[PDB]
């Protein structure tokens, strides 16, 4: 694999978001992945709708939580592969509730055909990311309320609880690291990003990695 990859500088990653008081990290992870995969398939970089998942994907639990793989499966099996634009289905859950699903009045911004579940191996995830783009992952975020910048050390790695998006890595650095997009505003971390050490399963980052497939 290349020594380093950073998709943020290559036109593939939209702005950092704010999930607010809702337990919707799963939806930010899944949609951020779709956004990146759609661009890398040769389509314009488009802002897509987390609200579609939070209100309409009844195989997940709204502001009480969900799974990225369930969300990818719902899009294809129940929603004809469609992912609506942000502008046509804007985020409505920042106060912490999921309003009833709206089943018309939206415009499709992207489509997917399926998803892949990646190996539980950091070198294999990096190799896939270098060619095919950003990857949805789950982490233990319990230590992330202390992060202020730099490459974090000694991440608490006990229980997966938070969905996020891998956007790059650097194996040439003094301590090799992953680059991760969070959904806690740009005032948190490094303009909304976190770097964690790579190669020691920090925060359980290798355990639940997956991606949508765009045809």
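Positions refer to the first chain, counted from 1. Only the largest set of C-alpha atoms that superpose within 1.5 Å between the two forms is called the rigid core.
The rigid core fit leaves 142-150 as the farther-lying stretch in 8 other deposited structures of this protein, judged by Cα positions and set against 157-165 and 142-150. For the pair 129-137 and 87-95, the mean Cα B-factor is higher in 87-95. The mean C-alpha temperature factor is higher for 150-158 when 150-158 and 53-61 are set side by side. Looking at the C-alpha B-factors along this chain, the one for residue 25 belongs to the lowest third. Per the PDB record, residue ranking by Cα B-factor puts residue 19 in the middle third of the chain. Sorting the modelled residues of the chain by their CA temperature factor places residue 187 in the middle third. Among the modelled residues of its chain, residue 82 has a C-alpha B-factor that falls in the highest third, as given in the PDB entry. Ranked within its chain, residue 41 lands in the middle third, by CA B factor from the PDB record.
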